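Since the structure comes first, as structure tokens, the remarks are kept for the end.
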2 protein chains.
Amino acid sequence: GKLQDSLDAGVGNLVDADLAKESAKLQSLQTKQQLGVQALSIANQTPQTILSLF
Amino acid sequence: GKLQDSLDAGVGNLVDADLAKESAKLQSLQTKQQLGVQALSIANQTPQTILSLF
């Protein structure tokens, strides 16, 4: 029984994620994706300024 | 018989926990873990304020 508990703990060490780090990485990637959407939205309009020249 | 009782008392003094202090240490460690998880929940979103600038 102790050996089975140790084997399950070893699978958990090999496999399980450190969820508390993911709790910060998730919000960081959310803000990063929002900034990337804003950056692409601003980049879409750069060529359009040429119309003002005409 | 007295000698075996003396060895049992000596092994107990060598190993036994001070449970009356362990109750206070546990009651303090619970509050410490709760303050630590709350501090991590505060720390997770401080970078997220950068979205307000954009």
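Labeling convention for the structure tokens: chains A, B, ... as they appear, residues from 1 per chain, ligands from 1 in order of appearance.
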Give me, as a PyMOL selection string, the contact residues of chain B against chain A at a cut-off of 10 Å, counting only C-alpha atoms. chain B and resi 37+40-41+43-51+54
Between atom CA of residue B:42 and atom CA of residue A:36, what distance in Å does the model show, to one decimal?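 Distance between the two atoms: 24.6 Å.
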Just how far from atom CA of residue B:3 is atom CA of residue B:16, in Å to one decimal?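 Here the two named atoms are 19.3 Å from each other.
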